[PDB]
Number of protein chains: 2
Amino acid sequence: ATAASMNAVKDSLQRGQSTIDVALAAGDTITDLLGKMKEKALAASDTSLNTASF
Amino acid sequence: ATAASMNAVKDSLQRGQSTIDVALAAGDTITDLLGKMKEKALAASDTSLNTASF
């Protein structure tokens, strides 16, 4: 009975791994977006821009 | 992200170079006109001129 109980443990571990995989994909896209906004903030930091570019 | 962020810095430096180039062209024109004024001032400083040429 104890040996047969391991299947639920394996299912729970695989479920956690899938959840972390989905979170990792979301984190990848979020870091891409974060880098792009840092580029935008540096570009807008310049005082030689006109109003429209800002 | 830090490496990819350098494009904004490059663009800002290029914009500064373009602004300085425009300023230097206008300054070249202004110095040419200033030399012309100095020539006219020396010409008009002569006391033998009649009122018309002055």
Side-chain angles (χ1 to χ4, degrees):
Chain A
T2 300
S5 296
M6 301 297 159
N7 309 126
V9 174
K10 308 210 262 183
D11 303 353
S12 179
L13 302 172
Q14 276 150 348
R15 185 179 296 113
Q17 184 177 2
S18 296
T19 309
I20 284 164
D21 263 343
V22 171
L24 277 181
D28 186 74
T29 187
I30 290 165
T31 67
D32 277 22
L33 289 171
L34 277 185
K36 293 187 286 185
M37 294 183 287
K38 169 174 199 233
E39 205 206 326
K40 300 294 187 291
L42 272 162
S45 179
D46 182 341
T47 44
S48 66
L49 298 181
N50 47 38
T51 300
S53 296
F54 191 88
Chain B
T2 300
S5 190
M6 295 296 172
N7 307 112
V9 175
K10 287 173 151 215
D11 289 350
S12 179
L13 300 148
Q14 270 153 354
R15 185 179 296 113
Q17 293 179 357
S18 296
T19 317
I20 291 165
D21 272 8
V22 176
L24 294 174
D28 189 358
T29 286
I30 283 165
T31 78
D32 189 358
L33 299 162
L34 279 184
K36 262 160 188 184
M37 292 180 183
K38 185 177 180 180
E39 169 161 16
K40 309 270 163 213
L42 277 296
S45 179
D46 172 339
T47 187
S48 66
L49 294 183
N50 173 0
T51 61
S53 66
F54 187 89

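The analysis underlying the following values was restricted to heavy atoms, covering all of them including side chains, and did not include hydrogens, waters or symmetry mates. Note on naming: letters A, B, ... go to the chains in the order of the sequence lines (proteins, then strands), and numbering restarts at 1 for each one.
The minimum heavy-atom distance between A/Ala43 and B/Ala8, with the atom names listed, is N-CB, 4.0 Å. When all heavy atoms of A/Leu49 and A/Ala44 are compared, the closest pair comes out as CD1-CA, 4.1 Å.
Proximity of a side-chain donor or acceptor of A/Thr29 to a complementary backbone N or O of A/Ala25 within less than 3.5 Å is not detected. A/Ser5 places a side-chain N or O within 3.5 Å of a backbone atom of A/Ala1 that can act as its donor or acceptor partner.
Separation of atoms OG1 (A/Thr19) and CD (A/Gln17) is listed at 10.0 Å; rounding is to 0.5 Å.
Counting side-chain heavy-atom gaps under 4.5 Å among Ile, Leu, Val, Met, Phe, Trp and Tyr, the cluster of B/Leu24 also holds B/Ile20. Using a 4.5 Å cut-off between side-chain heavy atoms of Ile, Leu, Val, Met, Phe, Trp and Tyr, A/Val9 falls into a hydrophobic cluster with A/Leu13.
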Enumerate, atom names and distances included, each donor-acceptor pair closer than 3.5 Å involving a side-chain atom of residues 31-38 of chain B, sequence neighbours excluded.
from, atom 1, to, atom 2, distance (Å)
B/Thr31, OG1, B/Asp28, O, 3.1

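Residues passing the side-chain hydrogen bond (donor to acceptor under 3.5 Å, both in side chains) test with A/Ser53 are A/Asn50, sequence neighbours excluded.
The salt bridge (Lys or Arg N to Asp or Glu O under 4.0 Å) contacts involving residues 4-19 of chain B comprise A/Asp46-B/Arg15, where partners must be two or more places apart or lie in separate chains.
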